[PDB]
Amino acid sequence: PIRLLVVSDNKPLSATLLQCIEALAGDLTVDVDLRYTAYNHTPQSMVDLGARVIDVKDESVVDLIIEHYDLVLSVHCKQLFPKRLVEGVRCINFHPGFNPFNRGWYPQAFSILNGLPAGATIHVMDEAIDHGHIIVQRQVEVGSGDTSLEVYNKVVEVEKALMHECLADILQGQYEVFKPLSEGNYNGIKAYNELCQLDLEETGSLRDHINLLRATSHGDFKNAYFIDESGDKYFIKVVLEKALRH
Amino acid sequence: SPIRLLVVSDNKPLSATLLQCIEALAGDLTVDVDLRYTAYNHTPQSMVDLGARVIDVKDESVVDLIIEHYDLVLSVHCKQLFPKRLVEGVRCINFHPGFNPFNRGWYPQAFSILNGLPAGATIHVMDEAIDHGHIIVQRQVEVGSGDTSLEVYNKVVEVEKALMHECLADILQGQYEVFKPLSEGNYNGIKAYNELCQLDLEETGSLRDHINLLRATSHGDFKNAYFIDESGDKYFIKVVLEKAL
Ligand SMILES: Cc1cn([C@H]2C[C@H](O)[C@@H](COP(=O)(O)OP(=O)(O)O[C@H]3O[C@H](C)[C@@H](N)[C@H](O)[C@H]3O)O2)c(=O)[nH]c1=O
Ligand SMILES: Cc1cn([C@H]2C[C@H](O)[C@@H](COP(=O)(O)OP(=O)(O)O[C@H]3O[C@H](C)[C@@H](N)[C@H](O)[C@H]3O)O2)c(=O)[nH]c1=O
């Protein structure tokens, strides 16, 4: 009877994970707790799935997790698991990036700027961020027309496909792991906020400037901004459309 | 003897506003209106809904029947250049969505976003050259730092309607001091706008310059600016801006 804690700030991936587990209840008994984190400013969609808050950095919560669970799954979790937690119980992260490339924040946004692989990685969690040995990953192609939104949605679909394909093996420990070929590059939220903070005076190719806007364009999120002569702040995004082929 | 007015227009909203301003005068000074859309208008349903029919203002038989049968011709956002024998044959007056003589010709607010020259609306007597003649009334519109072609254009269209409510009586009745523009500023053809739309991804400049090119070529659902990637796939690109709340 596998005791599973899922720690997630993402409703659609959590819903998919709960459905995959329910579909396995014929061959494999799993007791699931679902939790979201303190950083979730807008948690009602998780609450609707039966979740409540966990502070994974709280030392008593760490004690209790190591006691009560065989396995912790991090799915788009907004909190750093502390050292004693990842060394105390098996912790596996679903990361919307292709490790070890653009580890950290909004990987597909950096992949649009720098050409590094985009995709999804399921990996063992160590003390470092998006850093432990890889269980499985799959690349997504970044199209010329894509913004952050289109690449992110393809990454989320690939994560759902990996859950469906691999969840039985992950729950049962039936897999080998591989060390990333290098440490790779890490992007913190500071590096993203500097992307968003446009310099109207900066000089570059139209390509680099369009790529910067594409990286920061994500549906209705207010990301990239300039501030004009009168100190008015304007958010800017690009919208792209493939021309009809005739 | 009612004023025999020819309105040539390919724009329904401005034509709607003009007809409305005219019946507001119905009481005091009377007008016989013929409303026409140009032979260069291939989607004229919105003008037909206003009771308009086609005029080809380059058909010599048509320009004959014009000089004989009207006192005044109003051009309001019409897709044809008026011949010489027409514009001398009558008082021909144009409603221009630019602040003459800056960015005369096509889509003025687009070129104003690029080159920072004033934008707005100009009612000008029509001479031989495009958007050149002596100016009756004009109003600048503010180019907001967050505005695209669409926002500036909509501000110009409202000023054009304002100028119609304020100035039409005096325009139909000759009641104005026309003036020469302090210079002849600059003209922009359809070529120059399509050259903006054909983005060069290798071109180098300020992010300000690049954002201003996208803003200039962004206009709601019109497919304007585009690039072609390595595989030869074409993508249209626009910018969408929002003042912070
Ligand atoms: C909050 C925010 C999000 N986004 C875009 C880019 C992101 O890749 C995408 C999803 O971000 P999200 O936070 O809305 O939803 P999630 O993909 O579920 O993000 C969650 O798990 C990630 C692995 C963590 N880095 C996040 O901090 C955590 O909230 O939305 C933006 O473009 N701007 C934003 O301000
Ligand atoms: C057709 C077209 C229009 N536009 C924008 C910029 C224009 O300033 C604006 C309106 O042009 P419009 O043709 O829809 O509507 P109008 O304002 O009625 O323009 C009319 O009077 C003008 C004096 C002529 N130059 C135009 O050819 C004629 O159609 O829409 C675009 O950005 N792209 C386009 O392909």
Scan (1) more than 30 Å from B:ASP28 (Cα to Cα); (2) within 13 Å of the chain's Cα centre (by Cα) for the single condition B:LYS161 breaks and write down its number. (1)
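Take the residues in region B:178-199 that are aliphatic (A, V, I, L, M) and surrounded by fewer than 11 Cβ atoms within 10 Å (Cβ to Cβ); name whichever of them is nearest to the chain's Cα centre (by Cα). Even if it seems obvious, please write down each step before you answer.
First, pick out the residues of region B:178-199 that are aliphatic (A, V, I, L, M): B:178, B:182, B:190, B:192, B:196, B:199.
Adding the requirement that they be surrounded by fewer than 11 Cβ atoms within 10 Å (Cβ to Cβ) leaves B:182, B:190.
Values: B:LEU182: 21, B:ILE190: 13 Å.
Across region B:178-199, the extreme among qualifying residues is B:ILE190.
Which ones in region B:110-139 are outside any strand (DSSP E or B) and either farther than 26 Å from B:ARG85 by Cα or within 12 Å of the chain's Cα centre (by Cα) (or both)?
The initial filter retains those residues of region B:110-139 that are outside any strand (DSSP E or B), namely B:110-118, B:126-134.
Once the filter is applied, which keeps residues that are outside any strand (DSSP E or B) and either farther than 26 Å from B:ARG85 by Cα or within 12 Å of the chain's Cα centre (by Cα) (or both), region B:110-139 yields B:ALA110, B:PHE111, B:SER112, B:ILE113, B:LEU114, B:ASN115, B:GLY116, B:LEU117, B:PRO118, B:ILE130, B:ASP131.
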So which residues in region B:45-68 are assigned to a helix (DSSP H, G or I) and within 16 Å of ligand 2 (Cβ to nearest atom), if there are any at all? B:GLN45, B:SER46, B:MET47, B:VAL48
Per-region count, region A:84-99, residues near ligand 1 (Cβ under 9 Å from one of its atoms) and either free of Cβ contacts under 8 Å to residues at least 40 places away in the same chain or out of contact with any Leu (no Cβ under 8 Å at 6 or more places or on another chain) (or both): 4
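Conditions tested, residue by residue: (1) within 21 Å of B:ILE190 (Cα to Cα); (2) within 16 Å of ligand 1 (Cβ to nearest atom); (3) surrounded by fewer than 17 Cβ atoms within 10 Å (Cβ to Cβ).
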{"residue": "B:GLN109", "(1), (2), (3)": "yes, no, no"}
{"residue": "B:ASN115", "(1), (2), (3)": "yes, no, yes"}
{"residue": "B:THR122", "(1), (2), (3)": "yes, no, no"}
{"residue": "B:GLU128", "(1), (2), (3)": "yes, no, yes"}
{"residue": "B:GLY133", "(1), (2), (3)": "yes, no, no"}
{"residue": "B:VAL141", "(1), (2), (3)": "no, no, no"}
{"residue": "B:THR148", "(1), (2), (3)": "yes, no, no"}
{"residue": "B:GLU151", "(1), (2), (3)": "yes, no, no"}
{"residue": "B:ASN154", "(1), (2), (3)": "yes, no, yes"}
Name the residue that is nearest to B:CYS197 (Cα to Cα), counting only residues in region B:222-235 that are within 7 Å of chain A (Cβ to nearest Cβ) and of a type in the set (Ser, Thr, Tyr). B:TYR226
Quick test of your reading of the structure: B:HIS42 fulfils all but one of (1) away from ligand 2 (no atom under 15 Å from the Cβ); (2) farther than 19 Å from B:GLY133 by Cα; (3) surrounded by fewer than 16 Cβ atoms within 10 Å (Cβ to Cβ). Name the failing condition by number. (1)
So A:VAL238 clears everything in (1) under 15 Å from A:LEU149 (Cβ atoms); (2) more than 7 Å from chain B (Cβ to nearest Cβ) except one condition, right? Which one? (2)
Residues of region B:102-141 being more than 12 Å from ligand 2 (Cβ to nearest atom), at negative phi and touching a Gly at 6+ places or on another chain (Cβ under 9 Å), which ones? B:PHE102, B:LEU117, B:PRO118, B:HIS124, B:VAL125, B:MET126, B:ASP127, B:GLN138, B:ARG139, B:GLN140, B:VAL141
Can you work out which of the residues in region A:185-218 that are of a type in the set (S, T, N, Q) and either in the same structural domain as A:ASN102 (by CATH) or touching a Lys or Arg at 6+ places or on another chain (Cβ under 8 Å) (or both) is nearest to ligand 2 (Cβ to nearest atom)? A:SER217
Can you list residue pairs whose Cβ atoms sit under 7 Å apart, with the first residue in region A:1-24 being over 16 Å from A:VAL156 (Cα atoms) and in contact (Cβ under 8 Å) with a residue 24 or more places away in the chain and the second being within 13 Å of ligand 1 (Cβ to nearest atom) and polar (S, T, N, Q)? Count only pairs 6 or more apart in sequence or on different chains. A:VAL6/A:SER14; A:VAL7/A:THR37; A:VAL7/A:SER74
With the structure loaded, tell me whether A:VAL155 is closer than 15 Å to A:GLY115 by Cα, assigned by CATH to the domain that holds A:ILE122 and of a type in the set (A, V, I, L, M, F, W, C) or whether it fails that test. no
Give the residue, chosen from A:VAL53, A:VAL30, that is closer than 16 Å to A:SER74 by Cβ and either surrounded by 15 or more Cβ atoms within 10 Å (Cβ to Cβ) or within 16 Å of ligand 1 (Cβ to nearest atom) (or both). A:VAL53
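Of all the residues that make up region A:1-39, how many are among the aliphatic types (A, V, I, L, M) and either in contact with a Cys (Cβ under 7 Å, 6 or more places away or on another chain) or within 16 Å of ligand 2 (Cβ to nearest atom) (or both)? If you could, list the steps in order and put the result at the bottom.
Going residue by residue through region A:1-39, those that are among the aliphatic types (A, V, I, L, M) are A:2, A:4-7, A:13, A:15, A:17-18, A:21, A:23-25, A:28, A:30, A:32, A:34, A:38.
Keeping just the survivors that are either in contact with a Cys (Cβ under 7 Å, 6 or more places away or on another chain) or within 16 Å of ligand 2 (Cβ to nearest atom) (or both) gives A:7.
Final tally of qualifying residues: 1.
Does B:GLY89 satisfy the condition of being within 26 Å of B:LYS191 (Cα to Cα) and either outside any helix (DSSP H, G or I) or among the small types (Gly, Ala, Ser) (or both)?
On the way: within 26 Å of B:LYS191 (Cα to Cα): no; either outside any helix (DSSP H, G or I) or among the small types (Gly, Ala, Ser) (or both): yes.
It is false that B:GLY89 is within 26 Å of B:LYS191 (Cα to Cα) and either outside any helix (DSSP H, G or I) or among the small types (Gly, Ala, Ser) (or both).
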Consider region B:221-243. How many of its residues are farther than 26 Å from A:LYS233 by Cβ, part of a loop (DSSP other than H, G, I, E, B) and of a type outside the set (S, T, N, Q)? 7
Exposed (fewer than 14 other Cβ atoms within 10 Å of the Cβ), within 14 Å of chain A (Cβ to nearest Cβ) and not hydrophobic (A, V, I, L, M, F, W, C), is that true of B:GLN175? no
Which of the residues belonging to region B:8-32 are outside any loop (DSSP other than H, G, I, E, B) and within 14 Å of the chain's Cα centre (by Cα)? B:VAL8, B:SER9, B:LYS12, B:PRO13, B:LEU14, B:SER15
Among the candidates B:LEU35, B:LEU81, B:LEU74, single out the residue that is in a strand (DSSP E or B), surrounded by fewer than 23 Cβ atoms within 10 Å (Cβ to Cβ) and touching a residue at least 24 places away in the same chain (Cβ under 8 Å). B:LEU35
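Kindly indicate the residue of region B:146-184 that is assigned to a loop (DSSP other than H, G, I, E, B) and aliphatic (A, V, I, L, M) and also farthest from ligand 2 (Cβ to nearest atom) among those meeting that condition.
Going residue by residue through region B:146-184, those that are assigned to a loop (DSSP other than H, G, I, E, B) are B:146-148, B:173-178, B:180-184.
Still in the list and also aliphatic (A, V, I, L, M): B:178, B:182.
Values: B:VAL178: 20, B:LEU182: 23 Å.
Only one residue fits best here, namely B:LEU182.
State the number of residues belonging to region A:185-220 that are part of a loop (DSSP other than H, G, I, E, B) and within 16 Å of ligand 1 (Cβ to nearest atom). Steps first, answer last, please.
First, pick out the residues of region A:185-220 that are part of a loop (DSSP other than H, G, I, E, B): A:185, A:188, A:198-202, A:217-220.
If we keep only those that are within 16 Å of ligand 1 (Cβ to nearest atom) too, we end up with A:185, A:188, A:198, A:217-220.
Matching residues across region A:185-220 total 7.
All of this is worked out from the model, or read from it or from the source named; these are not laboratory values. We place every Cβ from the backbone using ideal geometry, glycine too, and count neighbours over all the protein chains shown.
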